[PDB]
Colleague: 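So that we are looking at the same thing, I have put the structure below in structure tokens.
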Amino acid sequence: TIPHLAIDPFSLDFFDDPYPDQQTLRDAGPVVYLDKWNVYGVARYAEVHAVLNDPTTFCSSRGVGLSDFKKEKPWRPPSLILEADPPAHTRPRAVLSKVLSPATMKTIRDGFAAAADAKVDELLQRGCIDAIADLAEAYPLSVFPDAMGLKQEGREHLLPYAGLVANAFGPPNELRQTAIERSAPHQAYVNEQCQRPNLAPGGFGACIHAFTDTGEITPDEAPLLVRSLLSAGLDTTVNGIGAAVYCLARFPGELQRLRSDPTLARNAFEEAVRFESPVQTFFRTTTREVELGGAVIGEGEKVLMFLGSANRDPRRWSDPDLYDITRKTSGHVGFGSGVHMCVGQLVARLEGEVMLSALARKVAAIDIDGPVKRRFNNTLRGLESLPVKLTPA
Ligand code: HEM
Ligand SMILES: COc1ccc(C(=O)O)cc1
């Protein structure tokens with residue numbers, strides 16, 4: 001009843017061009033079995049959305065990577081939010097929600113926007129840049145570590161640690177084992193910066209520690225919650241901004257619409273998140289026998305959700321393979337859906353919005369003028385290098 005496929009969604013060939021294989025996965029049926037890794041897969045929007053929104057049946061506390069924490073030891077102490085289920089999830093989630101809240105965004109927006117404008121001004125003086133290193137990486141690194149309250153020294157560990165975390169959700173392939181082999185210095189830096197004395201007053205990390213006296217989290221839970229923001233708070237924003245620049249370079253008609261109405265900047269970034277989905281996949285583990293899309297899945301089975309595929313499912317989206325900055329993006333699953341839906345989404349959207357706004361107001365053309373190189377990661381999609389020429393408006 002369930003089609004079995006040999007597609008390896010964690011292979012370099014798949015990463016290099018995933019979209020034909022994602023169509024094969026969608027069109028094979030609502031639920032597939034991936035023989036390479038002995039997991040179930042769902043690649044259509046309907047089933048991905050259903051799985052995300054049933055956390056009791058499709059839990060997170062046995063890990064959201066391939067590994068089942070009931071069977072194997074986690075490679076680091078589990079996240080108190082990403083790898084927890086309700087009710088344990090609920091109060092740590094509330095703390096991070098308040099730390100990264102709508103009200104917090106007001107306190108950081110002016111500085112984030114000023115830094116985005118300053119970066120584009122700097123880049124226009126150079127003309128020919130690498131939109132990854134010099135823009136997609138450089139801009140988040142110029143605002144988010146400061147907003148965290150991190151010291152200056154050791155920040156070179158942040159992107160490597162995030163890539164390690166992302167690779168470690170994958171299967172035990174070469175990408176994962178090489179990441180773990182190289183992990184020790186990055187883990188040591190990150191774990192140390194999570195301690196309260198190392199986080200500057202008023203920043204995200206200090207605010208997490210300040211919540212330890214409300215009864216929502218204890219003092220010994222705050223370092224792991226800081227760790228969540230150091231794990232998740234940079235690499236997907238980098239990939240999303242790079243994806244947005246890539247899209248504006250490949251679809252010049254959309255850059256022209258953005259220039260003509262810069263208030264489209266927020267939705268142009270949201271559409272980039274749908275179109276390139278920086279987080280491609282997450283797993284759940286079944287806690288009982290369950291019927292999903294006409295399939296019976298036993299207890300204790302891993303279920304791989306294809307978020308990027310769900311965001312390009314023609315059953316849900318009109319012309320899913322077009323980048324359209326006025327698309328109604330509401331409902332895409334690039335940030336997840338339901339109780340675990342990205343708690344940092346307002347930070348990511350703020351950064352993406354103000355960077356695309358600066359581009360919309362200052363740049364007349366973005367032309368690729370060198371070889372584009374892909375960055376390979378078991379769970380993240382994004383570019384390694386994006387040589388562009390920026391023409392000033
Ligand atoms: C474009 C940028 C981003 C993308 C595409 C993205 C994607 C996602 C997705 C798909 C999830 C759902 C995980 C699941 O259902 O198992 C998630 C959760 C989460 N994200 Fe983001 N994320 C981004 C930016 C950020 C930022 C900037 C932060 C922190 C400042 C952050 C922190 C978190 C945390 C802590 C969780 C776990 C939430 C929970 O389990 O309740 N993310 N993200
Ligand atoms: C979206 O990716 C991540 C990665 C790590 C964590 C965490 O460490 O809590 C959360 C989300």
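Atoms within each ligand, like the ligands themselves, are counted from 1 in listed order. Along the sequence shown, residues are numbered consecutively beginning with 1. Both backbone and side-chain heavy atoms feed into the values below; hydrogens, waters and symmetry mates do not.
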Colleague: For ligand 1 and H340, I'd like to know whether there is a polar contact (N/O to N/O, distance under 3.5 Å).
Modeller: yes

Colleague: Under 4.5 Å between any side-chain heavy atoms of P30 and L292, yes or no?
Modeller: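 Result no, sub-4.5 Å side-chain heavy-atom pair not found.
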
Colleague: For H332 and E270, which I'm curious about, is there any donor-acceptor pair between the side chains at under 3.5 Å?
Modeller: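 Side-chain D/A pair, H332 to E270: present.
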
Colleague: Once the angle between the rings of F275 and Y323 is folded into 0 to 90°, is it parallel (under 30°), tilted (30 to 60°) or perpendicular (over 60°)?
Modeller: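 Judged by the thresholds at 30° and 60°, the geometry between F275 and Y323 is perpendicular.
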
Colleague: Is a salt bridge present between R62 and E299, judged by a nitrogen-to-oxygen distance below 4.0 Å?
Modeller: yes

Colleague: In the protein, what heavy atom is nearest to atom 29 (C) of ligand 1, and what distance, to one decimal place, separates them?
Modeller: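 Checked against all protein heavy atoms, atom 29 (C) of ligand 1 sits closest to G233 CA, 3.6 Å.
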
Colleague: Side chain, backbone, both or neither: which part of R93 comes within less than 4.0 Å of ligand 1 when only heavy atoms are counted?
Modeller: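 Looking at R93 and ligand 1, just side chain atoms fall under 4.0 Å.
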
Colleague: Is it the side chain, the backbone, both or neither of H89 that has a heavy atom closer than 4.0 Å to ligand 1?
Modeller: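 It is the side chain that gets close, since no backbone atom is under 4.0 Å.
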
Colleague: Heavy-atom contact check, 4.0 Å cutoff: does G240 meet ligand 1?
Modeller: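 Contact check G240 vs ligand 1: negative.
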
Colleague: For atom 5 (C) of ligand 1, what's the nearest protein heavy atom and its distance?
Modeller: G334 O, 3.4 Å

Colleague: Mind checking whether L307 contacts ligand 1 via backbone (N, CA, C, O), side chain (CB onward), both or neither, at a 4.0 Å heavy-atom cut-off?
Modeller: side chain

Colleague: Is a salt bridge present between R315 and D27, judged by a nitrogen-to-oxygen distance below 4.0 Å?
Modeller: yes

Colleague: Under a 3.5 Å cutoff, is there a donor and acceptor pairing between the side chains of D220 and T218?
Modeller: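 Checked: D220/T218 side chains pair up, N/O donor to acceptor below 3.5 Å.
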
Colleague: Applying a 4.0 Å heavy-atom criterion (strictly less than), which segment of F282 is in contact with ligand 1: side chain, backbone, both, or neither?
Modeller: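 For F282, only side-chain atoms sit under 4.0 Å from ligand 1.
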
Colleague: Starting at OG1 of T237, measure out to CG of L234 and round the result to the nearest 0.5 Å.
Modeller: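 Atom-to-atom, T237:OG1 and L234:CG are 5.0 Å apart.
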
Colleague: Apply salt bridge (charged side-chain N to carboxylate O under 4.0 Å, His left out) to residues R284 and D85 and explain how you reach the verdict.
Modeller: CA-CA 11 Å; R284 301 292 195 255; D85 300 320; over 6 Å; no

Colleague: For the residue pair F204 and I108, establish whether any side-chain heavy-atom pair is separated by less than 4.5 Å.
Modeller: yes

Colleague: For the residue pair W317 and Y45, does the interplanar ring angle fall in the parallel (under 30°), tilted (30 to 60°) or perpendicular (over 60°) class?
Modeller: perpendicular

Colleague: Among all protein heavy atoms, pick out the one at the shortest distance from atom 11 (C) of ligand 1; state its residue, atom name and that distance to 0.1 Å.
Modeller: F335 O, 3.8 Å

Colleague: Is a side-chain donor-acceptor pair under 3.5 Å present for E301 with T286?
Modeller: no

Colleague: Give the atoms of ligand 1, by number and element, whose distance to some non-hydrogen atom of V279 is under 4.0 Å.
Modeller: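 Counting atoms of ligand 1 from 1, those under 4.0 Å from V279 are 7 (C).
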
Colleague: Can you list every pair where an N/O of ligand 2 is under 3.5 Å from an N/O on the protein?
Modeller:
| from | atom 1 | to | atom 2 | distance (Å) |
| --- | --- | --- | --- | --- |
| ligand 2 | 8 (O) | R76 | NH2 | 2.9 |
| ligand 2 | 9 (O) | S79 | OG | 2.6 |
| ligand 2 | 9 (O) | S228 | OG | 2.6 |

Colleague: Nearest to atom 37 (C) of ligand 1, what protein heavy atom do you find, and at what distance?
Modeller: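 Its nearest protein heavy-atom neighbour is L82 CD1, 4.1 Å.
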
Colleague: Ligand 1 versus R284, non-hydrogen atoms closer than 4.0 Å: side chain, backbone, both, neither?
Modeller: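 Side chain only; the backbone of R284 stays clear of ligand 1.
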
Colleague: Pairs of nitrogen or oxygen atoms closer than 3.5 Å, one from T237 and one from ligand 1: do any exist?
Modeller: no

Colleague: Would you call the rings of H340 and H89 parallel, tilted or perpendicular, where under 30° means parallel and over 60° means perpendicular?
Modeller: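 Ring orientation of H340 relative to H89: tilted.
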
Colleague: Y189 and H157: aromatic ring centres closer than 6.0 Å?
Modeller: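 Between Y189 and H157, the centre distance is under 6.0 Å.
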
Colleague: Quick one: which ligand 1 atoms are inside 4.0 Å of a heavy atom on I81?
Modeller: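 Near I81, the atoms of ligand 1 are 38 (C), 39 (C), 40 (O), 41 (O).
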
Colleague: Could you walk me through whether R109 and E353 pass the salt bridge (charged side-chain N to carboxylate O under 4.0 Å, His left out) check?
Modeller: CA-CA 10 Å; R109 177 169 178 106; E353 176 193 354; 2.9 Å; yes

Colleague: Around atom 2 (C) of ligand 1, find the nearest protein heavy atom and jot down its residue, atom name and distance.
Modeller: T236 OG1, 3.4 Å

Colleague: Nearest protein heavy atom to atom 34 (C) of ligand 1, by residue and atom, and its distance?
Modeller: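 Closest protein heavy atom to atom 34 (C) of ligand 1: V343 CG1, 3.6 Å.
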
Colleague: Tell me which part of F144 gets within contact of ligand 1: side chain, backbone, both or neither, using heavy atoms under 4.0 Å.
Modeller: side chain

Colleague: Do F283 and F169 have ring centres separated by under 6.0 Å?
Modeller: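 No, the ring of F283 stays outside the 6.0 Å limit from the ring of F169, centre to centre.
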
Colleague: Among all protein heavy atoms in this structure, tell me which lies nearest to atom 19 (C) of ligand 1, with the distance rounded to 0.1 Å.
Modeller: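 For atom 19 (C) of ligand 1, the nearest protein heavy atom is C342 CA, 3.8 Å.
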
Colleague: For atom 33 (C) of ligand 1, tell me which residue out of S79, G382, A232, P55 has the closest non-hydrogen atom.
Modeller: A232

